[PDB]
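Reproduced below: work-v7.txt, with compact mmCIF, C-alpha atoms and all ligand atoms.
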```txt
# COMPACT_ATOMS: atom_id res chain seq x y z
CA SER W 2 44.35 20.41 212.89
CA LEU W 3 43.45 22.28 209.65
CA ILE W 4 44.78 25.87 209.61
CA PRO W 5 46.98 25.90 212.77
CA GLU W 6 47.68 28.86 215.10
CA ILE W 7 50.22 31.43 213.80
CA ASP W 8 53.13 30.36 216.06
CA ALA W 9 52.41 26.66 215.36
CA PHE W 10 52.29 27.19 211.58
CA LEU W 11 55.54 29.21 211.65
CA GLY W 12 58.98 27.67 212.04
CA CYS W 13 60.48 30.39 214.29
CA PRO W 14 59.79 33.62 216.18
CA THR W 15 61.05 36.96 214.94
CA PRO W 16 64.62 37.41 216.34
CA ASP W 17 65.22 40.09 219.00
CA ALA W 18 68.13 41.23 216.84
CA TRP W 19 65.71 42.00 213.96
CA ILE W 20 63.49 43.96 216.38
CA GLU W 21 66.47 46.04 217.61
CA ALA W 22 67.44 46.99 214.04
CA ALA W 23 63.81 47.74 213.19
CA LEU W 24 63.41 50.12 216.14
CA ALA W 25 66.65 51.94 215.23
CA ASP W 26 65.25 52.64 211.70
CA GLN W 27 61.47 52.93 211.71
CA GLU W 28 61.48 55.17 208.61
CA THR W 29 62.92 52.50 206.28
CA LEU W 30 60.64 49.97 207.96
CA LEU W 31 57.60 52.18 207.23
CA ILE W 32 58.69 52.71 203.63
CA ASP W 33 59.21 49.01 203.03
CA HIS W 34 55.90 48.21 204.77
CA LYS W 35 54.10 50.66 202.49
CA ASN W 36 55.69 48.84 199.53
CA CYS W 37 54.74 45.42 200.92
CA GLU W 38 51.05 46.45 201.09
CA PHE W 39 51.24 47.60 197.46
CA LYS W 40 53.12 44.45 196.39
CA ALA W 41 50.50 42.24 198.00
CA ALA W 42 47.83 44.07 196.02
CA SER W 43 49.77 43.66 192.76
CA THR W 44 50.53 40.00 193.45
CA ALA W 45 46.82 39.39 193.99
CA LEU W 46 46.11 40.98 190.57
CA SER W 47 48.81 38.90 188.81
CA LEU W 48 47.13 35.80 190.28
CA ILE W 49 43.75 36.92 188.90
CA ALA W 50 45.39 37.39 185.49
CA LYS W 51 47.28 34.05 185.55
CA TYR W 52 44.27 32.09 186.89
CA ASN W 53 41.55 33.93 184.99
CA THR W 54 39.09 30.97 184.82
CA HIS W 55 39.39 30.20 188.56
CA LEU W 56 36.31 31.94 189.88
CA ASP W 57 36.93 31.32 193.60
CA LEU W 58 40.48 32.70 193.43
CA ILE W 59 39.38 35.71 191.34
CA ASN W 60 36.71 36.88 193.73
CA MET W 61 38.92 36.40 196.82
CA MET W 62 41.93 38.07 195.15
CA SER W 63 39.95 41.11 193.93
CA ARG W 64 38.65 41.76 197.46
CA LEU W 65 42.04 41.09 199.02
CA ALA W 66 43.74 43.56 196.63
CA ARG W 67 41.29 46.27 197.69
CA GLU W 68 42.05 45.60 201.36
CA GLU W 69 45.80 45.73 200.76
CA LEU W 70 45.35 49.01 198.82
CA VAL W 71 43.53 50.53 201.84
CA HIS W 72 46.52 49.53 203.98
CA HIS W 73 48.93 51.02 201.44
CA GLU W 74 46.95 54.28 201.63
CA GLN W 75 46.99 54.21 205.48
CA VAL W 76 50.74 53.71 205.66
CA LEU W 77 51.12 56.70 203.24
CA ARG W 78 48.86 58.85 205.47
CA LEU W 79 50.83 57.99 208.58
CA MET W 80 54.13 58.70 206.77
CA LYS W 81 52.67 62.06 205.74
CA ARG W 82 51.61 62.99 209.31
CA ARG W 83 55.04 62.09 210.68
CA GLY W 84 57.11 63.80 207.95
CA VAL W 85 58.55 60.64 206.46
CA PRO W 86 59.57 61.38 202.88
CA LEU W 87 59.20 58.87 200.08
CA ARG W 88 62.39 57.46 198.64
CA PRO W 89 63.20 54.31 196.74
CA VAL W 90 63.69 51.17 198.82
CA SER W 91 64.28 48.10 196.69
CA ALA W 92 62.60 44.79 197.48
CA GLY W 93 64.15 42.48 200.12
CA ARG W 94 65.10 38.85 199.44
CA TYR W 95 62.20 37.19 201.33
CA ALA W 96 59.29 36.75 198.87
CA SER W 97 61.56 35.79 195.92
CA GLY W 98 63.36 33.32 198.18
CA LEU W 99 60.04 31.66 198.91
CA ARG W 100 58.80 31.92 195.28
CA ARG W 101 61.83 29.83 194.15
CA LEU W 102 60.40 26.86 196.18
CA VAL W 103 57.30 26.91 193.92
CA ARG W 104 56.91 24.03 191.43
CA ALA W 105 56.66 24.61 187.69
CA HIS W 106 53.72 22.25 186.93
CA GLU W 107 50.01 23.02 187.13
CA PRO W 108 47.87 22.43 189.11
CA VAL W 109 50.51 22.11 191.88
CA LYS W 110 52.21 25.40 190.88
CA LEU W 111 49.01 27.09 192.12
CA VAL W 112 48.62 25.35 195.48
CA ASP W 113 52.31 26.13 196.23
CA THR W 114 51.95 29.82 195.32
CA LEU W 115 49.04 30.03 197.77
CA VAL W 116 50.94 28.24 200.57
CA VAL W 117 53.74 30.79 200.13
CA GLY W 118 51.11 33.55 200.52
CA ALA W 119 49.85 31.97 203.72
CA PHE W 120 53.43 32.03 205.06
CA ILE W 121 54.09 35.67 204.09
CA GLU W 122 50.87 36.68 205.83
CA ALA W 123 51.48 34.47 208.90
CA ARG W 124 54.91 36.01 209.35
CA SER W 125 53.61 39.55 208.93
CA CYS W 126 51.10 38.78 211.69
CA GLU W 127 53.73 37.35 214.04
CA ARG W 128 56.16 40.20 213.33
CA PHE W 129 53.64 43.03 213.85
CA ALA W 130 52.83 41.38 217.24
CA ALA W 131 56.52 41.26 218.15
CA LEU W 132 56.84 44.94 217.26
CA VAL W 133 53.79 46.66 218.83
CA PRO W 134 54.97 46.63 222.50
CA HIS W 135 58.02 48.69 221.47
CA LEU W 136 56.22 51.36 219.39
CA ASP W 137 54.57 54.67 220.18
CA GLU W 138 50.82 54.72 220.81
CA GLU W 139 49.49 55.60 217.31
CA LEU W 140 51.87 53.25 215.51
CA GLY W 141 51.18 50.38 217.93
CA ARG W 142 47.46 50.85 217.42
CA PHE W 143 47.78 50.91 213.61
CA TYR W 144 49.97 47.84 213.57
CA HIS W 145 47.60 46.02 216.00
CA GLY W 146 44.79 46.70 213.53
CA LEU W 147 46.92 45.29 210.72
CA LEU W 148 47.94 42.12 212.59
CA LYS W 149 44.29 41.03 212.89
CA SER W 150 43.79 41.46 209.11
CA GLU W 151 47.01 39.47 208.44
CA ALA W 152 45.61 36.52 210.48
CA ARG W 153 42.49 36.43 208.28
CA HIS W 154 44.59 36.60 205.08
CA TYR W 155 46.72 33.73 206.33
CA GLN W 156 43.53 31.69 206.84
CA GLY W 157 42.19 32.85 203.48
CA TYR W 158 45.32 31.78 201.61
CA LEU W 159 45.39 28.33 203.33
CA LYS W 160 41.67 27.74 202.70
CA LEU W 161 42.19 28.58 199.03
CA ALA W 162 45.19 26.19 198.78
CA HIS W 163 42.89 23.42 200.19
CA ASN W 164 40.19 24.41 197.67
CA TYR W 165 42.57 23.51 194.80
CA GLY W 166 44.78 20.76 196.35
CA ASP W 167 44.99 17.49 198.27
CA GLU W 168 45.58 17.43 202.07
CA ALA W 169 48.78 15.38 201.80
CA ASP W 170 50.46 17.36 199.03
CA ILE W 171 49.67 20.64 200.80
CA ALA W 172 50.98 19.25 204.11
CA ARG W 173 54.18 18.37 202.16
CA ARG W 174 54.40 21.86 200.64
CA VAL W 175 53.87 23.57 204.02
CA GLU W 176 56.75 21.49 205.46
CA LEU W 177 59.17 22.48 202.68
CA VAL W 178 58.31 26.23 202.82
CA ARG W 179 58.30 26.29 206.68
CA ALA W 180 61.98 25.33 206.59
CA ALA W 181 62.92 27.78 203.82
CA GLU W 182 61.03 30.61 205.57
CA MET W 183 62.80 29.91 208.93
CA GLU W 184 66.16 30.06 207.13
CA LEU W 185 65.33 33.46 205.53
CA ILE W 186 64.19 34.83 208.91
CA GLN W 187 67.02 33.42 211.06
CA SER W 188 69.91 33.81 208.56
CA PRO W 189 72.01 37.00 208.52
CA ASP W 190 71.04 39.82 206.12
CA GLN W 191 72.83 42.88 204.68
CA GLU W 192 69.76 45.17 204.91
CA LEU W 193 66.74 46.08 207.04
CA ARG W 194 63.35 45.21 205.53
CA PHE W 195 60.04 44.22 207.03
CA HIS W 196 60.80 40.58 206.16
CA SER W 197 64.61 40.68 206.38
CA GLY W 198 66.82 38.27 208.34
CA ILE W 199 69.02 39.30 211.30
CA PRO W 200 71.47 42.15 210.55
CA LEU E 3 39.33 73.72 181.87
CA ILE E 4 37.69 70.23 181.78
CA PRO E 5 35.59 69.96 178.52
CA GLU E 6 32.28 68.10 178.37
CA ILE E 7 32.69 64.51 177.02
CA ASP E 8 31.29 64.97 173.50
CA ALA E 9 33.53 68.06 173.13
CA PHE E 10 36.68 66.28 174.34
CA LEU E 11 36.06 63.26 172.06
CA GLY E 12 36.78 63.12 168.31
CA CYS E 13 33.60 61.27 167.29
CA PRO E 14 30.46 59.58 168.62
CA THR E 15 30.20 55.78 168.96
CA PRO E 16 29.13 54.53 165.51
CA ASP E 17 25.67 53.02 165.22
CA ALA E 18 27.25 49.95 163.54
CA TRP E 19 29.33 49.34 166.72
CA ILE E 20 26.15 49.42 168.82
CA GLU E 21 24.37 46.97 166.47
CA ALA E 22 27.30 44.50 166.81
CA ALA E 23 27.43 44.90 170.60
CA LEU E 24 23.74 44.17 171.12
CA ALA E 25 24.10 40.98 169.03
CA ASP E 26 26.92 39.75 171.30
CA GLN E 27 26.35 40.93 174.85
CA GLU E 28 28.11 37.97 176.53
CA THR E 29 31.38 38.88 174.82
CA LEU E 30 30.84 42.56 175.69
CA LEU E 31 30.27 41.73 179.36
CA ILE E 32 33.41 39.58 179.52
CA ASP E 33 35.46 42.27 177.82
CA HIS E 34 33.97 44.94 180.10
CA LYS E 35 34.96 42.82 183.15
CA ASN E 36 38.48 42.59 181.70
CA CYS E 37 38.64 46.34 181.12
CA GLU E 38 37.75 47.10 184.77
CA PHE E 39 40.55 44.73 185.82
CA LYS E 40 43.03 46.22 183.28
CA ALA E 41 42.21 49.71 184.67
CA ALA E 42 43.05 48.66 188.23
CA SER E 43 46.17 46.92 186.87
CA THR E 44 47.31 50.00 184.88
CA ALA E 45 46.73 52.17 187.92
CA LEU E 46 49.02 49.90 189.93
CA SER E 47 51.74 49.95 187.20
CA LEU E 48 51.70 53.76 187.40
CA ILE E 49 52.21 53.68 191.20
CA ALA E 50 55.17 51.29 190.69
CA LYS E 51 56.68 53.52 187.93
CA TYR E 52 56.03 56.89 189.66
CA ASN E 53 56.59 55.61 193.18
CA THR E 54 57.63 59.01 194.56
CA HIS E 55 54.87 61.18 193.04
CA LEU E 56 52.59 61.41 196.09
CA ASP E 57 49.52 62.91 194.31
CA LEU E 58 49.69 60.29 191.57
CA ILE E 59 50.09 57.45 194.12
CA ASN E 60 47.13 58.49 196.28
CA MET E 61 44.76 59.04 193.33
CA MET E 62 45.82 55.82 191.63
CA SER E 63 45.45 53.64 194.79
CA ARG E 64 41.89 54.94 195.26
CA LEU E 65 41.13 54.62 191.56
CA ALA E 66 42.34 50.97 191.52
CA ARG E 67 40.04 50.13 194.41
CA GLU E 68 37.06 51.62 192.61
CA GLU E 69 37.93 49.78 189.39
CA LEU E 70 38.19 46.49 191.29
CA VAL E 71 34.74 47.03 192.85
CA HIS E 72 33.45 47.33 189.24
CA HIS E 73 35.39 44.23 188.20
CA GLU E 74 33.56 42.37 190.99
CA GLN E 75 30.11 43.81 190.08
CA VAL E 76 30.45 42.71 186.42
CA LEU E 77 31.49 39.22 187.65
CA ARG E 78 28.36 39.11 189.86
CA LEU E 79 26.24 40.10 186.84
CA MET E 80 27.96 37.47 184.63
CA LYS E 81 27.12 34.85 187.32
CA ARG E 82 23.40 35.80 187.51
CA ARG E 83 23.08 35.59 183.70
CA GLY E 84 25.03 32.37 182.99
CA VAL E 85 27.89 34.07 181.19
CA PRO E 86 30.84 31.67 181.35
CA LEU E 87 34.42 32.71 182.11
CA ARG E 88 35.87 32.20 178.62
CA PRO E 89 39.10 33.97 177.68
CA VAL E 90 38.63 37.04 175.53
CA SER E 91 41.81 38.61 174.30
CA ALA E 92 42.47 42.34 174.67
CA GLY E 93 41.38 44.61 171.78
CA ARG E 94 43.67 47.00 169.91
CA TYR E 95 42.46 50.25 171.46
CA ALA E 96 44.47 50.77 174.65
CA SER E 97 47.78 49.58 173.12
CA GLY E 98 47.19 51.62 169.98
CA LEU E 99 46.96 54.80 172.10
CA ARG E 100 50.02 53.91 174.22
CA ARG E 101 52.20 53.72 171.08
CA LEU E 102 51.65 57.51 170.93
CA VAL E 103 53.30 58.11 174.33
CA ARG E 104 56.80 59.68 174.16
CA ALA E 105 59.68 57.88 175.86
CA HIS E 106 61.13 60.87 177.81
CA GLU E 107 60.14 62.43 181.21
CA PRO E 108 58.29 64.48 182.51
CA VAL E 109 56.29 64.37 179.27
CA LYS E 110 55.95 60.55 179.08
CA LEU E 111 53.83 60.89 182.27
CA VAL E 112 51.55 63.68 181.00
CA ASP E 113 51.02 61.67 177.77
CA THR E 114 50.06 58.55 179.76
CA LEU E 115 47.59 60.51 181.86
CA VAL E 116 45.96 62.09 178.74
CA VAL E 117 45.60 58.59 177.21
CA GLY E 118 43.93 57.74 180.55
CA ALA E 119 41.50 60.66 180.19
CA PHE E 120 40.53 59.56 176.62
CA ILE E 121 39.87 55.90 177.57
CA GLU E 122 37.64 57.00 180.49
CA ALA E 123 35.85 59.64 178.39
CA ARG E 124 35.11 57.12 175.61
CA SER E 125 33.87 54.55 178.14
CA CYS E 126 31.49 57.19 179.53
CA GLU E 127 30.21 58.16 176.04
CA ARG E 128 29.89 54.54 174.92
CA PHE E 129 28.04 53.34 178.07
CA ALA E 130 25.52 56.23 177.49
CA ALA E 131 25.06 55.21 173.84
CA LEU E 132 24.22 51.66 175.00
CA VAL E 133 21.95 52.24 178.00
CA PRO E 134 18.76 53.00 176.06
CA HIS E 135 19.08 49.75 174.04
CA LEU E 136 19.72 47.36 176.95
CA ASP E 137 17.46 45.45 179.32
CA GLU E 138 16.41 47.04 182.61
CA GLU E 139 19.22 45.70 184.82
CA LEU E 140 22.08 46.19 182.35
CA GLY E 141 20.71 49.67 181.52
CA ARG E 142 20.69 50.65 185.21
CA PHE E 143 24.14 49.15 185.91
CA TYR E 144 25.71 50.82 182.87
CA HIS E 145 23.95 54.12 183.79
CA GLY E 146 25.38 53.96 187.35
CA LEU E 147 28.90 53.47 185.81
CA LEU E 148 28.60 56.69 183.69
CA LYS E 149 29.02 59.00 186.64
CA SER E 150 32.25 57.33 187.79
CA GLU E 151 33.74 57.26 184.23
CA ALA E 152 33.17 61.02 183.86
CA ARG E 153 34.80 61.56 187.25
CA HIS E 154 37.79 59.38 186.22
CA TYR E 155 38.05 61.26 182.90
CA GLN E 156 38.12 64.46 185.07
CA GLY E 157 40.69 62.96 187.47
CA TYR E 158 43.16 61.88 184.78
CA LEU E 159 43.02 65.25 182.98
CA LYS E 160 43.36 67.22 186.27
CA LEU E 161 46.38 65.07 187.13
CA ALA E 162 47.83 65.78 183.66
CA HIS E 163 47.63 69.52 184.55
CA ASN E 164 49.37 68.78 187.86
CA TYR E 165 52.45 67.72 185.75
CA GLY E 166 52.11 70.07 182.68
CA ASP E 167 52.27 72.61 180.74
CA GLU E 168 48.95 73.97 179.44
CA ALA E 169 50.31 74.18 175.90
CA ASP E 170 52.06 70.78 176.06
CA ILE E 171 48.83 69.13 177.34
CA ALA E 172 46.76 70.84 174.60
CA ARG E 173 49.14 69.47 171.91
CA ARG E 174 49.13 65.97 173.40
CA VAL E 175 45.29 66.09 173.67
CA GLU E 176 45.04 67.12 169.95
CA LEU E 177 47.29 64.22 168.90
CA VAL E 178 45.54 61.55 170.99
CA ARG E 179 42.11 62.78 169.95
CA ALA E 180 43.06 62.11 166.31
CA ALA E 181 44.44 58.61 166.93
CA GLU E 182 41.51 57.75 169.24
CA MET E 183 38.93 58.83 166.62
CA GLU E 184 40.76 56.73 164.07
CA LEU E 185 40.74 53.70 166.46
CA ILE E 186 36.94 54.13 166.88
CA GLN E 187 35.97 54.91 163.22
CA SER E 188 38.27 52.36 161.46
CA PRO E 189 37.04 48.82 160.62
CA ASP E 190 37.86 46.15 163.25
CA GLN E 191 37.77 42.34 163.04
CA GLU E 192 36.72 41.81 166.69
CA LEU E 193 33.89 43.03 168.91
CA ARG E 194 35.20 44.54 172.14
CA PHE E 195 34.02 47.35 174.35
CA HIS E 196 36.48 49.69 172.64
CA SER E 197 36.53 48.07 169.18
CA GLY E 198 36.20 49.93 165.89
CA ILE E 199 33.49 49.40 163.30
CA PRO E 200 32.61 45.78 162.34
CA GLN E 201 34.08 44.28 159.10
CA CA W 301 33.30 65.73 169.51
CA CA W 302 25.18 29.88 178.67
CL CL W 303 37.58 49.44 198.43
FE FE W 304 47.86 44.34 204.51
FE FE W 305 47.74 41.14 204.23
FE FE W 306 35.34 51.39 185.96
FE FE W 307 36.81 54.00 185.21
KR KR W 308 57.59 51.12 212.22
KR KR W 309 55.42 46.03 207.86
KR KR W 310 53.62 43.88 206.06
KR KR W 311 26.55 44.23 177.55
KR KR W 312 34.22 49.13 179.60
```
Would you kindly transcribe this structure into structure tokens?
Ligand SMILES: [Ca+2]
Ligand SMILES: [Ca+2]
Ligand SMILES: [Cl-]
Ligand SMILES: [Fe+3]
Ligand SMILES: [Fe+3]
Ligand SMILES: [Fe+3]
Ligand SMILES: [Fe+3]
Ligand SMILES: [Kr]
Ligand SMILES: [Kr]
Ligand SMILES: [Kr]
Ligand SMILES: [Kr]
Ligand SMILES: [Kr]
Amino acid sequence: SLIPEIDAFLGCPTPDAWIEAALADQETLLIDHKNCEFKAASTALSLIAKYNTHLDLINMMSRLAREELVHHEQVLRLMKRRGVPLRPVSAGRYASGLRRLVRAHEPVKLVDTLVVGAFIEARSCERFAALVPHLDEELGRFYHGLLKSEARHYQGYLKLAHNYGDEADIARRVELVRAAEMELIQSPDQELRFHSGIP
Amino acid sequence: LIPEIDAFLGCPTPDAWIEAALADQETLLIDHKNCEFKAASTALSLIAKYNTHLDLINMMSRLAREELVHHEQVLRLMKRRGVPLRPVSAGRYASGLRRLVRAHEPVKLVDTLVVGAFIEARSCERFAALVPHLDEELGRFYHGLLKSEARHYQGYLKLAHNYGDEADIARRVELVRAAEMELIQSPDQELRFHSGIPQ
């Protein structure tokens, strides 16, 4: 069943405890979300630069980066309308945690990087969906719009991993990262971030 | 205010540069492609550095998207013309100009933006020098990129004035003009879009 459904692909749902913390501090959530959109754009560019002879990756990543930059700009606009000031919010543990599972040897270092991307995007999709019933109208609508783009990016990242890797080795990678990702989501965490664990 | 391009710049593109470029248009295309990418990349690095300057962040996010569209257009054109994706290392020009930037704020930022204005202004002037010597499709593509380069030159300089200091900008402009002219007029071992004179 190539490219499963979001809840099938993921190892756990977003905890209610995370949701409660998120609702109690929507301003730091927004700030971190803004930063996540940007980071996704910059990650895409770093991939283009590392894999500069991989034409398929380059063309998908350049387009993806533009989409993520639109989202970054939209989060900024919404922050502006609602009087949310900018302030520094350092990166959470999640994406680094997953990047540590990545192997050091090409070409498998690439397929793993892309599987990690598929997980980040799948989780963002699931987590937006968990959030939107609890938000005000304009925020819920914005986040609903985003969750649909996250589902496409999840597919995009998995398709690209299959473009450069073998079914079995990917299936192995997905199993290893699934477990690591569940642990980061379910484990306790000393901070609120979009992809933090339970506080 | 904002000077016209030839007035802002310290010299025209030498005729010897143009001769070299026309004899090696595959390398020029690949480098051009890389420059569009590097411009998006630089724009993102600025957002990450100046992650609280709202005007900077909004201009730079938009600018990156536009630069990535151009990255993609040059790739399309490379594909139609059988230009392979071979690595071409970065020329001296951009890093030569950055060496001029002072280490201290808020003047490190102004400096960086004026370097930005010079790179964009030179790209505009150099595309215009090339257009009349190129085939139909390249001529039209490079002509369509002139307008945006002039606008980006405008944008960077306007943003410099947002964070300066009429006198301080004027002194920085005078200094970068000199170095930039020297980077363009001096002999260079490599053909790039922003290389100096051959030999
Ligand atoms: Ca002049
Ligand atoms: Ca050929
Ligand atoms: Cl765009
Ligand atoms: Fe996004
Ligand atoms: Fe996304
Ligand atoms: Fe451009
Ligand atoms: Fe430009
Ligand atoms: Kr939120
Ligand atoms: Kr988010
Ligand atoms: Kr996100
Ligand atoms: Kr060219
Ligand atoms: Kr260029």
>> Using all atoms listed in the file and a cut-off of 8 Å, which residues of chain W sit close to chain E? Please list them as a list in words.
In response: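 My answer is residues 43, 46, 53, 54, 60, 63, 64, 66, 67, 70, 71, 73, 74, 87, 88 and 89 of chain W.
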> Of the candidates E:85, E:161, E:169, E:130, which shows the shortest atom-to-atom distance to ligand KR 312 (chain W), using all atoms listed in the file?
Replying inline: E:130
>> Just want the residues within 7 Å of ligand FE 306 (chain W), written as a ChimeraX atom specification, counting all atoms listed in the file.
In response: /E:38,68-69,72,147,150-151
> So which residues are near ligand KR 312 (chain W), meaning at most 8 Å away with only C-alpha atoms and all ligand atoms counted, given back as a PyMOL selection string?
Replying inline: chain E and resi 33-35+37-38+125+129+195-196
> Separation of atom CA of residue 8 of chain W and atom CA of residue 115 of chain W, in Å?
Replying inline: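 Computing it gives 18.7 Å between the two atoms.
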> Within 9 Å of ligand KR 310 (chain W), counting all atoms listed in the file, which protein or nucleic acid residues do you find, written as a ChimeraX atom specification?
Replying inline: /W:33-38,41,121-122,124-126,128-129,147-148,151,195-196
>> With only C-alpha atoms as the counted atoms, please give the residues lying no more than 12 Å from segment 97-106 of chain E, apart from itself and same-chain residues fewer than 3 positions off, as an MDAnalysis selection string.
In response: chainID E and resid 40 44 92:94 109:121 174:186 196:198
Got time to write the residues from that selection, C-alpha atoms, as a compact mmCIF listing (two decimals), in the frame of the given file?
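Output (result32.txt):
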```
# COMPACT_ATOMS: atom_id res chain seq x y z
CA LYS E 40 43.03 46.22 183.28
CA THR E 44 47.31 50.00 184.88
CA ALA E 92 42.47 42.34 174.67
CA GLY E 93 41.38 44.61 171.78
CA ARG E 94 43.67 47.00 169.91
CA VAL E 109 56.29 64.37 179.27
CA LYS E 110 55.95 60.55 179.08
CA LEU E 111 53.83 60.89 182.27
CA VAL E 112 51.55 63.68 181.00
CA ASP E 113 51.02 61.67 177.77
CA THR E 114 50.06 58.55 179.76
CA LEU E 115 47.59 60.51 181.86
CA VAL E 116 45.96 62.09 178.74
CA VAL E 117 45.60 58.59 177.21
CA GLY E 118 43.93 57.74 180.55
CA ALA E 119 41.50 60.66 180.19
CA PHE E 120 40.53 59.56 176.62
CA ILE E 121 39.87 55.90 177.57
CA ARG E 174 49.13 65.97 173.40
CA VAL E 175 45.29 66.09 173.67
CA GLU E 176 45.04 67.12 169.95
CA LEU E 177 47.29 64.22 168.90
CA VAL E 178 45.54 61.55 170.99
CA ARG E 179 42.11 62.78 169.95
CA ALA E 180 43.06 62.11 166.31
CA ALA E 181 44.44 58.61 166.93
CA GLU E 182 41.51 57.75 169.24
CA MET E 183 38.93 58.83 166.62
CA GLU E 184 40.76 56.73 164.07
CA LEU E 185 40.74 53.70 166.46
CA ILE E 186 36.94 54.13 166.88
CA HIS E 196 36.48 49.69 172.64
CA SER E 197 36.53 48.07 169.18
CA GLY E 198 36.20 49.93 165.89
```
> Mind pulling up the distance from atom CA of residue 186 of chain W to atom CA of residue 113 of chain W?
Replying inline: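 Computing the Euclidean distance for atom CA of residue 113 of chain W and atom CA of residue 186 of chain W yields 19.4 Å.
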>> If we count only C-alpha atoms and set the cut-off at 10 Å, which residues sit around residue 4 of chain E, ignoring sequence neighbours fewer than 6 positions away in its own chain? Please answer as a PyMOL selection string.
In response: chain E and resi 10+155-157+159-160
Residues within 12 Å of residue 178 of chain W, all atoms listed in the file, excluding chain neighbours under 6 positions, as a PDB file with C-alpha atoms, in the frame of the given file:
```
ATOM      1  CA  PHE W  10      52.290  27.190 211.580  1.00  0.00           C
ATOM      2  CA  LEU W  11      55.540  29.210 211.650  1.00  0.00           C
ATOM      3  CA  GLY W  12      58.980  27.670 212.040  1.00  0.00           C
ATOM      4  CA  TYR W  95      62.200  37.190 201.330  1.00  0.00           C
ATOM      5  CA  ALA W  96      59.290  36.750 198.870  1.00  0.00           C
ATOM      6  CA  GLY W  98      63.360  33.320 198.180  1.00  0.00           C
ATOM      7  CA  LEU W  99      60.040  31.660 198.910  1.00  0.00           C
ATOM      8  CA  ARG W 100      58.800  31.920 195.280  1.00  0.00           C
ATOM      9  CA  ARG W 101      61.830  29.830 194.150  1.00  0.00           C
ATOM     10  CA  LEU W 102      60.400  26.860 196.180  1.00  0.00           C
ATOM     11  CA  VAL W 103      57.300  26.910 193.920  1.00  0.00           C
ATOM     12  CA  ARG W 104      56.910  24.030 191.430  1.00  0.00           C
ATOM     13  CA  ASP W 113      52.310  26.130 196.230  1.00  0.00           C
ATOM     14  CA  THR W 114      51.950  29.820 195.320  1.00  0.00           C
ATOM     15  CA  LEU W 115      49.040  30.030 197.770  1.00  0.00           C
ATOM     16  CA  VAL W 116      50.940  28.240 200.570  1.00  0.00           C
ATOM     17  CA  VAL W 117      53.740  30.790 200.130  1.00  0.00           C
ATOM     18  CA  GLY W 118      51.110  33.550 200.520  1.00  0.00           C
ATOM     19  CA  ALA W 119      49.850  31.970 203.720  1.00  0.00           C
ATOM     20  CA  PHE W 120      53.430  32.030 205.060  1.00  0.00           C
ATOM     21  CA  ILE W 121      54.090  35.670 204.090  1.00  0.00           C
ATOM     22  CA  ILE W 171      49.670  20.640 200.800  1.00  0.00           C
ATOM     23  CA  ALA W 172      50.980  19.250 204.110  1.00  0.00           C
ATOM     24  CA  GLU W 184      66.160  30.060 207.130  1.00  0.00           C
ATOM     25  CA  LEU W 185      65.330  33.460 205.530  1.00  0.00           C
TER      26      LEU W 185
END
```
>> So that I can check the surroundings of residue 136 of chain E, please list as a PyMOL selection string every protein, DNA and RNA residue that reaches within 12 Å of it, counting all atoms listed in the file and ignoring chain neighbours fewer than 3 positions away.
In response: chain E and resi 20-21+23-27+129-133+139-145
Residues as selected, C-alpha atoms, written as a compact mmCIF listing (two decimals), keeping the file's coordinate frame, can you do that?
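Produced file selection08.txt, reproduced below:
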```txt
# COMPACT_ATOMS: atom_id res chain seq x y z
CA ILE E 20 26.15 49.42 168.82
CA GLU E 21 24.37 46.97 166.47
CA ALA E 23 27.43 44.90 170.60
CA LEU E 24 23.74 44.17 171.12
CA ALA E 25 24.10 40.98 169.03
CA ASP E 26 26.92 39.75 171.30
CA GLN E 27 26.35 40.93 174.85
CA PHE E 129 28.04 53.34 178.07
CA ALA E 130 25.52 56.23 177.49
CA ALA E 131 25.06 55.21 173.84
CA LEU E 132 24.22 51.66 175.00
CA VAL E 133 21.95 52.24 178.00
CA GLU E 139 19.22 45.70 184.82
CA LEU E 140 22.08 46.19 182.35
CA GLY E 141 20.71 49.67 181.52
CA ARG E 142 20.69 50.65 185.21
CA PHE E 143 24.14 49.15 185.91
CA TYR E 144 25.71 50.82 182.87
CA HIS E 145 23.95 54.12 183.79
```
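Minimum distance to ligand FE 305 (chain W) across W:166, W:146, W:134, W:108 (counting only C-alpha atoms and all ligand atoms) occurs at W:146.
The nearest approach to ligand KR 311 (chain W) among the residues E:31, E:199, E:83, E:149, with all atoms listed in the file taken into account, belongs to E:31.
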